[PDB]
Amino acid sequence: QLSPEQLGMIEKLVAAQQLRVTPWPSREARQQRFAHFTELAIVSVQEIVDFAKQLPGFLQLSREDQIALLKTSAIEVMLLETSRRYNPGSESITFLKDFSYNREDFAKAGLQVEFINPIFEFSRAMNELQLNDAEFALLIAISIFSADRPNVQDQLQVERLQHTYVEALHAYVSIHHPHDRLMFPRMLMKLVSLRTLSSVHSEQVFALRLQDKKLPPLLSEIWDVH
């Protein structure tokens, strides 16, 4: 039963979520696609930081824990936001609310099919659930507040915050989906798949190492092992 307090936390999550990028165009056209992709990732991270700051509970965590949680959930939130931009008709993803990218365009940007294919498989699967803005917002809050990330200190409070959002989600989905009692769990199970993708990603970041292809400073910081 959605309480008044949950009602208002969710609306703040939804409201919190509502440009110089090297454009999309041979070693020059190749390095530029990568640069376009990597600069979209940087826009997202910046976007994920300002969103987190608005998460009830987030800025009360110690700064270290804030950085511990955004470090590791940044990719999973990027995959969640990619998944909401998926066009099932052409099997592409519309970034910039403008230009559409497909598996092949992902590969031209430097990424490898071992990661591309799962990205699109996950996006396909998230599309079938047809989540709305609140459900995506709450899933992202839930991903960010994972007590088990490497190096989180106050594990207990991070977990307590995650359950509040988990319950808000439970309550909200009982109003949005009053006959399918599986929609709530089907949404949480997607966080399972995102851990796997976050792992496949680390292999992508390592493949970038071995072919000496430099991430820009902000993403090197969060994704490269120093």
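All residue numbers refer to positions in the sequence shown, first residue = 1. For the two forms, the rigid core is made up of the largest set of C-alpha atoms that agree within 1.5 Å on superposition.
Annotation: of the segments 28-36 and 157-165, 28-36 departs further from this form in 5 other deposited structures of this protein (C-alpha atoms, root mean square over structures and residues, core superposition).
Of the two segments 94-102 and 68-76, the one whose CA positions lie farther from the displayed form in 5 other deposited structures of this protein, once all are superposed on the rigid core, is 94-102. Of the other entries compared for this protein that flank it with modelled residues, a third or more give no atoms for residue 20.
In the deposited sequence, the stretch from residue 211 to residue 212 has no residues without coordinates, so the chain runs on without a break. Count the deposited residues lacking coordinates between residue 25 and residue 26 and you get 4 to 9 of them.
Averaged over Cα atoms, the B-factor as recorded in the entry is higher for 33-41 than for the other of 61-69 and 33-41. Once the C-alpha B-factors are averaged per stretch, 107-115 and 70-78 rank with 107-115 first. Each of 145, 136, 120, 99 has a CA temperature factor in the record; the biggest one is found at 99. Among the modelled residues of its chain, residue 167 has a C-alpha B-factor that falls in the lowest third, as given in the PDB entry. The PDB entry assigns residue 47 a C-alpha temperature factor belonging to the middle third of its chain's modelled residues. The PDB entry assigns residue 93 a C-alpha temperature factor belonging to the highest third of its chain's modelled residues.
Split the chain's modelled residues into thirds by C-alpha temperature factor. Residue 186 is in the middle one. Residue 179 sits in the highest third of its chain by CA B factor, as recorded in the PDB entry.
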